[PDB]
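Below sits a lone chain in structure tokens, taken as the form deposited in one PDB entry.
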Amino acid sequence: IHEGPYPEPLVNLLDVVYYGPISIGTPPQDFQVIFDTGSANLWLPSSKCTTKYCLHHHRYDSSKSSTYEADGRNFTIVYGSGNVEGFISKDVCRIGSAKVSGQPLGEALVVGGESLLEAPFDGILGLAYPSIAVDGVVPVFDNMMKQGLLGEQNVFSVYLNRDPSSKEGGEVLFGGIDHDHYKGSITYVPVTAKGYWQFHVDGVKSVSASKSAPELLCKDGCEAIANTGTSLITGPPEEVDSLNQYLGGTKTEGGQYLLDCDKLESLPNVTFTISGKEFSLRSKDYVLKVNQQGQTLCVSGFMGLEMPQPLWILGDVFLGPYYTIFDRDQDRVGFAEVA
């Protein structure tokens, strides 16, 4: 869930964000969090919070934890329609069998309205670089590195299962790259700005069967991020307007576009070129069929989002067909075809 204010989108995809278990404190209190490469903060609902969001979620209670350490600096984070405010504490953070001691976390005293209200997760565990963390927070993965919990392979790898008939939603592997989730070879791209997992893209294109010219975007190259906490692909409004027009999409009304559910059958691939290799998304990958106000809507996986500097956010739509390696040893991002 990207930080910053922005328009309310038509469809709320919080239901389809990918999340997983962690525990905090001694003895462990359990939570579910988004593992979010688009942010660097860790936060959970506080037991001191009495907002509607907090009361419907699991809440961290410092007074039951023997490893809790006070801090109390205040923080704020904005997430479009919602914001999170509270204070920092420290405690043991358990991710699978790893034990991160002295991990800072935001105890959220207030959480944002209705946008975040339907979250099936309790909070967010950010996996980006420390430059985008709120003051007083060292990101979890940085602490894993500092404490030597990764056996000197300071990467993590992300596999997303989109098959809504499966049990598995995928995994995050800390300190490993699992070749049993990919085929072929990995294409690495260097990180261009250490904040987000941000890198250069060479071009974006689509070739329709029923159009006489291709759609060529990002023709001089562009910047992108790999963001596990965003469902859709977002890009500069004018480029995405153009792409969705090419595809036969109709805008309304949060930078999202709707496609005619009866005309999906010949939609073309949309191809991102990265480190000179083509990453081609199939319409079966990028069209989201959503039920909303008792309607059946075919939502384009590409939405417009105005950034301070223009940027493509390669969210779960992009990441699904790929196994992705986030490598802090070499400040690079790796992509391979998912197995």
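For clarity, a rigid core is taken as the largest C-alpha set superposing within 1.5 Å between two forms. Position 1 is the first residue in the sequence shown; the rest follow in order.
Quick note: we don't show the form deposited in another entry, though the next part is all about it.
- Only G113, out of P190, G176, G221, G113, shows a C-alpha shift of 2 Å or more between this form and the one not shown on alignment of the rigid core.
- Positional change of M307 between this form and the one not shown reaches 2 Å or more at the C-alpha, relative to the superposed core.
- Residue displacement note: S101 has its CA displaced by under 2 Å between this form and the one not shown (rigid core superposed).
- Once both forms are fitted on their core, the CA shift for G203 between this form and the one not shown remains under 2 Å.
- The pair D15 and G301 is tighter in the other entry: their Cα-Cα distance falls by no less than 3 Å compared with this form.
- In summary, the C-alpha positions of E8 and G106 converge in the other entry, ending up at least 3 angstroms nearer each other than in this conformation.
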